[PDB]
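Here you get one chain, nothing else, as structure tokens; it is the form deposited in one PDB entry.
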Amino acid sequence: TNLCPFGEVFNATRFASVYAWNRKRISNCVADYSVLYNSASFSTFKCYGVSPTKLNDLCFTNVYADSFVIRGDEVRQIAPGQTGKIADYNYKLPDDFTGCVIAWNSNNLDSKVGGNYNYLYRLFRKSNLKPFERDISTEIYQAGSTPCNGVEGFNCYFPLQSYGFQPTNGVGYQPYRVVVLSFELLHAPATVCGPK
């Protein structure tokens, strides 16, 4: 019954910045994870709350596919109960995650010479991020007790910082494309399971 449009997500020309991670709903299809391989050297595929070996014998009300890019040393922060700049400011995952993540290197395709400024991450925030929340405001974040009336300068920095991806970066510093599939199931008809 039709194949899930995983190409439109994994083969997408450009991935959104981590601070503005996309969200594509996938439903009314069959999840054929077999074809997912042979697409770049994947760096991480670990699942919580569901045994991958049986993934083809169950399906859910829907699944949300959130795609973004982060540096390798940072990918470990995409997990329930984790802490870090991404975990508290850009992308926060609930402790009861019913789903899992996929990460693959994209240095050859997403690391411009001299620095790729197309990707930004939120380095400052007043408070942590609630699970599955999106923040895009670029208001000047004051750090000290001196209000700056929204002017960049001393003790008042721009919240977003552009990733400086370069070919000569470290082994773990190169960009990594991450796609998180959150399986949401309720008392509703199931939508996305592969061959039995």
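Just count from 1 along the sequence shown to find any residue number. If you superpose the two forms and keep the largest set of C-alpha atoms that fall within 1.5 Å, you have the rigid core.
The same protein also exists as the form deposited in another entry; that form is not shown, yet it is the one meant from here on.
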Worksheet item: If you fit the two forms on their rigid core, which residue out of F132, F158, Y64, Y33 shows a CA shift of at least 2 Å between this form and the one not shown?
Response: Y33
Discussion item. Once you overlay the rigid core, does the Cα of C148 travel 2 Å or further between this form and the one not shown?
Written reply: yes
Response to the item:
One pair moves by 3 angstroms or more in that other deposited form: the C-alpha atoms of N38 and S182, which are closer
Discussion item. Comparing against this form, do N38 and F45 have their CA atoms pulled together or pushed apart in that other deposited form? The difference is 3 Å or more.
Written reply: closer
